[PDB]
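J.: Below is a structure I'd like to ask you about.
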Amino acid sequence: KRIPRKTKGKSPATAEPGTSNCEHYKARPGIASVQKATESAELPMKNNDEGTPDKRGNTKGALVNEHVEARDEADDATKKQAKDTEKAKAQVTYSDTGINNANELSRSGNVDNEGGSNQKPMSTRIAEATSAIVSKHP
Amino acid sequence: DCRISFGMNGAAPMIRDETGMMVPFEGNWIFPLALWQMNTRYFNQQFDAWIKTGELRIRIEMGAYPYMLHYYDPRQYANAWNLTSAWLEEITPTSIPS
Amino acid sequence: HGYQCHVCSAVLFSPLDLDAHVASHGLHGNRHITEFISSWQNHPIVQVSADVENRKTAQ
Amino acid sequence: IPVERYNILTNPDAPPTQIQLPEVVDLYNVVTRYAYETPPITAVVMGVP
Ligand SMILES: [Zn+2]
């Protein structure tokens with residue numbers, strides 16, 4: 001037996017009564033509508049791996065500041081909110097709330113897990129650290 | 001409270017009482033109409049074979065129901081399954097026919 | 001008419017289909033994940049994995 | 001041939017499930033072979049009056 005992987009890996013007696021096919025009863029809330037509504041809630045949410053390292057060593061993601069990332073992150077989620085229940089402007093907004101939330105932070109590739117900045121990736125920093133100290137033949 | 005356990009290896013399939021008793025598909029039973037309505041399809045395939053040839057009898061408590069009539073000739077043979085099974089099929093969780 | 005299986009009251013068609021169905025209950029005759037069948041309407045609902053390329057009446 | 005590995009062949013008084021697992025790994029053990037079944041989720045759903 002073989003089962004495929006989803007991800008990419010490392011390498012004439014009787015004829016009884018009772019049965020019928022008439023289908024008199026119809027679904028009162030509607031089975032197809034409840035199917036289509038249950039589909040969207042069935043989905044697990046996405047992750048973010050922002051600030052987390054890859055295999056090579058650097059933190060993946062953008063270069064934008066953390067709070068600016070949180071603000072336009074909420075604005076992009078408001079723009080996504082506007083597309084469902086199609087309107088010009090969204091009604092249930094995430095940005096432009098009446099509350100001052102200015103000390104909020106979300107993850108981005110500006111930082112590493114050490115604490116320092118990430119204008120230069122960790123792979124090139126390690127490469128220059130080990131290449132500052134070499135010596136050749138006579 | 002009613003559940004239906006299947007019969008295995010020749011045993012008769014049983015159904016549960018309000019007193020918590022398992023009885024075979026035989027005898028004198030009393031149903032409310034709403035029970036048969038809410039399970040009108042699963043009970044047909046389990047019960048209709050035992051009403052036609054077997055010895056099972058059901059009193060369905062309804063109260064009020066509209067009726068129809070069909071006359072037959074007492075010199076000729078007459079059977080009522082083609083009307084009775086049509087009614088027992090067309091019972092629906094929303095509606096019943098006459 | 002199509003003939004049924006007495007355990008779950010499902011409208012089976014073929015003897016091979018019945019002998020494939022009864023193994024879900026556990027008897028041995030002579031694939032998908034969930035099998036829910038109702039009691040007041042003729043509409044069984046089954047679930048299948050998300051990568052399989054067909055979904056002909058399949059969740 | 002390493003006699004310290006093939007224990008239950010060479011030891012005349014050894015129980016068949018004795019493993020010397022912290023000290024030496026050994027081949028020729030006694031494995032339990034299974035054949036299970038994984039049935040699908042099933043439920044007959046019936047309404048209450
Ligand atoms: Zn079955």
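Quick note on naming: the chains in the structure tokens go A, B, ... in the order shown, residues restart at 1 in each chain, and ligands are numbered from 1 in order of appearance.
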Please build the interface table for chain C against chain B with a cut-off of 12 Å, listing for each qualifying residue the nearest atom pair and the distance in Å to one decimal; count only C-alpha atoms, order rows by chain and increasing number, and write it as CSV.
T.:
```
residue,atom,partner,partner_atom,distance
C:3,CA,B:45,CA,10.2
C:4,CA,B:45,CA,8.3
C:5,CA,B:45,CA,9.6
C:6,CA,B:6,CA,7.4
C:7,CA,B:6,CA,5.8
C:8,CA,B:42,CA,8.7
C:9,CA,B:42,CA,6.5
C:10,CA,B:42,CA,9.2
C:11,CA,B:45,CA,10.2
C:25,CA,B:6,CA,11.2
C:26,CA,B:8,CA,11.9
C:27,CA,B:8,CA,10.0
C:37,CA,B:42,CA,9.8
C:38,CA,B:42,CA,8.0
C:39,CA,B:42,CA,4.7
C:40,CA,B:39,CA,4.8
C:41,CA,B:41,CA,6.4
C:42,CA,B:41,CA,7.5
C:43,CA,B:41,CA,10.8
```
J.: Please check the contacts: residues of chain D at most 12 Å away from chain B, using only C-alpha atoms, listed as a ChimeraX atom specification.
T.: /D:44-49
J.: Could you build a table of the residues in chain D lying no more than 12 Å from ligand 1, giving for each the nearest pair of atoms and their separation in Å rounded to one decimal place, using only C-alpha atoms and all ligand atoms, ordered by chain and ascending residue number, as a tab-separated table?
T.:
```
residue	atom	partner	partner_atom_place_in_ligand_line	distance
D:40	CA	ligand 1	1 (Zn)	11.8
D:42	CA	ligand 1	1 (Zn)	9.3
D:43	CA	ligand 1	1 (Zn)	10.2
D:44	CA	ligand 1	1 (Zn)	9.6
```
J.: Atom CA of residue 61 of chain B and atom CA of residue 29 of chain B are how many Å apart?
T.: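 Between atom CA of residue 61 of chain B and atom CA of residue 29 of chain B the gap is 10.6 Å.
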J.: Residues within 12 Å of segment 4-8 of chain D, please, as a ChimeraX atom specification. Count only C-alpha atoms; anything in the same chain fewer than 6 positions from it doesn't count.
T.: /D:14-21,23-30
J.: Keeping only C-alpha atoms, take the residues you just selected and write them out as a PDB file, in the first residue's frame.
T.:
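Output file out31.pdb follows:
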```pdb
ATOM      1  CA  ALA D  14      17.694 -16.266  29.382  1.00  0.00           C
ATOM      2  CA  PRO D  15      14.060 -15.154  29.369  1.00  0.00           C
ATOM      3  CA  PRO D  16      12.962 -14.265  25.826  1.00  0.00           C
ATOM      4  CA  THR D  17      12.225 -10.618  26.704  1.00  0.00           C
ATOM      5  CA  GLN D  18      15.516  -9.841  28.469  1.00  0.00           C
ATOM      6  CA  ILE D  19      17.234  -6.791  26.982  1.00  0.00           C
ATOM      7  CA  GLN D  20      20.682  -5.527  27.953  1.00  0.00           C
ATOM      8  CA  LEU D  21      19.653  -2.134  26.570  1.00  0.00           C
ATOM      9  CA  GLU D  23      25.006  -1.609  28.217  1.00  0.00           C
ATOM     10  CA  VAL D  24      25.050  -3.141  24.719  1.00  0.00           C
ATOM     11  CA  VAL D  25      22.521  -2.825  21.931  1.00  0.00           C
ATOM     12  CA  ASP D  26      21.705  -6.256  20.559  1.00  0.00           C
ATOM     13  CA  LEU D  27      20.082  -7.722  17.500  1.00  0.00           C
ATOM     14  CA  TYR D  28      17.770 -10.784  17.405  1.00  0.00           C
ATOM     15  CA  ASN D  29      15.039  -9.675  19.782  1.00  0.00           C
ATOM     16  CA  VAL D  30      11.394 -10.660  20.245  1.00  0.00           C
TER      17      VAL D  30
END
```
J.: Quick one: which residues from chain A are at most 8 Å off chain C, using only C-alpha atoms, as an MDAnalysis selection string?
T.: chainID A and resid 6 19:21 23 25
J.: Would you mind telling me which residue in A:131, A:14, A:103, A:123 lies nearest to chain B when using only C-alpha atoms?
T.: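 Once distances to chain B are computed over only C-alpha atoms, the minimum belongs to A:14.
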J.: Per DSSP on the backbone, filter segment 14-84 of chain B down to the residues in helix (DSSP H, G or I) and report them as a list in words.
T.: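 Across segment 14-84 of chain B, those assigned helix (DSSP H, G or I) are residues 33, 34, 35, 36, 37, 38, 42, 43, 44, 45, 46, 47, 48, 49, 50, 51, 52, 81, 82, 83 and 84 of chain B.
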J.: Set the distance at 8 Å and use only C-alpha atoms: which residues neighbour segment 28-33 of chain C once local chain neighbours fewer than 2 positions away are removed? I'd like the list as JSON, numbers by chain.
T.: {"C": [19, 20, 22, 23, 26, 35, 46, 47, 48, 49], "D": [40, 41]}
J.: Could you work out how far atom CA of residue 27 of chain B lies from atom CA of residue 57 of chain B, giving the answer in Å with one decimal?
T.: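 Rounded to one decimal, the two atoms are 6.0 Å apart.
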